[PDB]
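Novice:
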Amino acid sequence: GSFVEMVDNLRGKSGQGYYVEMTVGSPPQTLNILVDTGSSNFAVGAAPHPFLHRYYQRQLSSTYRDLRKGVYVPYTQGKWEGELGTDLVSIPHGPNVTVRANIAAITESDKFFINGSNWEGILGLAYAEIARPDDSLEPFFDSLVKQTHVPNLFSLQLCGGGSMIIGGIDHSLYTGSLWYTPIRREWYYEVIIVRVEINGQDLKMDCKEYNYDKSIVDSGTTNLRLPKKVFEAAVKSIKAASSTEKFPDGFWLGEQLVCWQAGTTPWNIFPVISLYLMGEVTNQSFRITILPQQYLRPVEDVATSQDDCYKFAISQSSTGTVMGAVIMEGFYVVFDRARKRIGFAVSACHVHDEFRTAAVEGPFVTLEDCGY
Ligand SMILES: COc1cccc(-c2cccc([C@@]3(c4ccncc4)N=C(N)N4CC(F)(F)CN=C43)c2)c1F
């Protein structure tokens with residue numbers, strides 16, 4: 499169960013989520029599980045659903061222990077509800093270990109499961125503070141670390171497949187240096203953005219605006235989501251750089267597709283976006299540079315296949331900045347829980363062209381606090 001055998005253990009897309017194979021119960025029941033850095037429950041479909049290929053059958057597991065406790069999760073987009081228990085869990089292409097972990101058996105849901113996503117549950121990798129029903133429900137990663145000799149770190153290489175390396179950093183997954191940003195508070199993986207540039211032009215906003223009311227790293231969100239003020243400025247700058255072509259407002263609202271004849275996408279008309287992240291030392295930062303190949307999400311559809319069609323994968327948020335899968339796809343992302351920091355390095359799998367490459371670079375000096 500070495501890091502070598002963990003390489004390429006993920007499947008999926010930014011639009012429907014990346015997933016890892018896991019087993020629950022004794023004898024083991026195989027399930028595909030969404031890798032979610034934006035939540036903290038290990039929750040699995042445990043009853044039939046039209047979108048589910050398979051589900052967790054607790055009656056077949058002798059190791060299952062009922063916690064006699066309900067869990068009701070209504071959220072802005074939909075809902076999931078079920079009941080708590082613990083059982084034996086393993087990751088076949090992860091560490092060579094079996095742990096006893098909390099499991100939320102999902103018995104009812106609304107707009108949670110996705111048709112054709114190929115996953116049956118979610119692995120919430122964030123901290124206990126945001127676990128449901130409350131912070132006393134120990135998340136999976138915490139149990140994994142407590143019960144084994146697995147180091148308190150994991151890394152994700154999302155390839156627009172991919173890899174989740176548990177307990178370490180695999181040098182074959184990235185090039186150049188790893189740059190670290192502090193985890194501001196252990197709840198979501200909260201970070202601080204200190205500057206935003208669009209085609210080298212500073213948005214010139216007070217840096218607190220970029221983190222209103224928090225900024226997080228979330229593999230379970232598709233888009234780069236920005237606070238209203240930031241979002242409007244970003245769209246204004248992107249529209250200006252790309253003014254040689256005019257797209258419908260629906261496109262900019264991330265609702266409507268933009269299509270070009272297959273192979274003709276005019277990547278060069280779209281600017282680079284640089285997010286400057288707080289460094290590990292005062293008033294020092296590094297930047298992660300996103301290309302349009304990251305922020306223009308292809309929508310695979312046989313019916314539109316004479317063309318290449320895309321959704322604008324930047325959208326407005328009322329709950330802070332969300333550095334989603336489209337952002338993570340350019341990079342190798344190290345969730346260094348042990349040192350309370352997140353590392354970024356150029357991914358060996360990011361999509362680019364002969365003119366531009368996604369980058370992770372620094373240091374940058376700014377001679380105020382950027383957090384809320
Ligand atoms: C890119 O990854 C994804 C793409 C499409 C859907 C999901 C997905 C599906 C169900 C639930 C979630 C969930 C979620 C997980 C657990 N409980 C509720 C929601 N995971 C995350 N990170 N978010 C962000 C949100 F804005 F909150 C909306 N919902 C979520 C994500 C996904 F992770």
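Take the sequence shown: its letters are residues 499 to 502, 1 to 156, 171 to 377, 380 to 384, numbered as in the authors' numbering. Idealized CB from N, CA, C, for every residue including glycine.
Using 8 Å as the Cβ pair cut-off and three pairs as the minimum, do the stretch 357-365 and the stretch 145-156 touch?
Specialist: Yes, the stretch 357-365 is in contact with the stretch 145-156.
Novice: Let me check one thing: in DSSP terms, what residues is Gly74 bridge-paired to?
Specialist: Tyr71
Novice: Could you compute how far the alpha carbon of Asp131 sits from the alpha carbon of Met338?
Specialist: 27 Å
Novice: Quick check: is any heavy atom of ligand 1 less than 8 Å from the C-beta of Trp197?
Specialist: no
Novice: Tell me the DSSP secondary structure of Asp223 in three-state form.
Specialist: Coil.
Novice: List in chain order: all unbroken alpha helix (DSSP H) runs of 4+ residues lying wholly within the stretch 276-330.
Specialist: 302-305
Novice: Relative to the C-alpha of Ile248, which candidate in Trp277, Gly334, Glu1 has its C-alpha closest?
Specialist: When each option's Cα is compared against that of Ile248, the closest is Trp277.
Novice: Please identify the residue among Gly41, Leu140, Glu265 whose C-alpha is closest to the C-alpha of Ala101.
Specialist: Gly41
Novice: For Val67, is the beta carbon positioned less than 8 Å from some heavy atom of ligand 1?
Specialist: Answer for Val67: no, Cβ out of range of ligand 1.
Novice: Quick check: the Cα distance between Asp138 and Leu121, rounded to an integer number of angstroms?
Specialist: Looking at the backbone, the Cα of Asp138 and that of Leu121 are separated by about 9 Å.
Novice: Count the other C-beta atoms from every protein chain shown that fall within 10 angstroms of the C-beta of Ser315, then say buried if there are 16 or more, exposed otherwise.
Specialist: A residue is called buried once 16 or more other Cβ atoms fall within 10 Å of its Cβ, and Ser315, having fewer, is exposed.
Novice: What's the C-alpha gap between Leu188 and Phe296?
Specialist: 10 Å
Novice: Can you tell me which residues form a DSSP beta bridge with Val146?
Specialist: None; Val146 has no bridge partner.
Novice: Alpha carbon to alpha carbon, how far is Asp318 from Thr275? Give it in angstroms, no decimals.
Specialist: 7 Å
Novice: Starting from the Cα of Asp83, find the closest Cα among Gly66, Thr94, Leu287, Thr254 and give me that residue.
Specialist: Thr94
Novice: Does the pairing of the stretch 297-313 with the stretch 361-373 give three or more beta-carbon distances under 8 Å?
Specialist: The stretch 361-373 and the stretch 297-313 touch, with three or more beta-carbon pairs separated by less than 8 Å.
Novice: Is it buried or exposed for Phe365, if we count other Cβ within 10 angstroms and need 16 for buried?
Specialist: exposed
Novice: Among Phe501, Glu1, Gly11, which residue has its Cα nearest to the Cα of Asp311?
Specialist: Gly11
Novice: Kindly provide the ranges of any beta strand (DSSP E) runs that are 3 or more residues long and lie completely inside the stretch 19-56, ordered along the chain.
Specialist: Counting whole runs of 3 or more residues, the stretch 19-56 contains the beta strand (DSSP E) stretches 25-32, 38-41.
Novice: Across which residues does DSSP place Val95 in a beta bridge pair?
Specialist: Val85
Novice: Let's see if you can read the secondary structure: which residues bound the beta strand (DSSP E) around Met174?
Specialist: 172-176
Novice: I'd like to confirm something about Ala335: is its beta-carbon nearer than 8 Å to some heavy atom of ligand 1, or not?
Specialist: yes
Novice: Beta carbon of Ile203, beta carbon of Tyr190: below 9 Å?
Specialist: no
Novice: Are there 16 or more other CB atoms within 10 angstroms of the CB of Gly90, so buried, or fewer, so exposed?
Specialist: buried
Novice: Does DSSP classify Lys350 as helix, strand or coil?
Specialist: coil
Novice: Measure the alpha-carbon distance for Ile99 versus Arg205 and round it to whole angstroms.
Specialist: 40 Å
Novice: Would you call the CB atoms of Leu27 and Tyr60 closer than 9 Å?
Specialist: no
Novice: Heavy atom of ligand 1 less than 8 Å from the Cβ of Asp106, yes or no?
Specialist: Distances from the CB of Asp106 to the heavy atoms of ligand 1 are all 8 Å or more.
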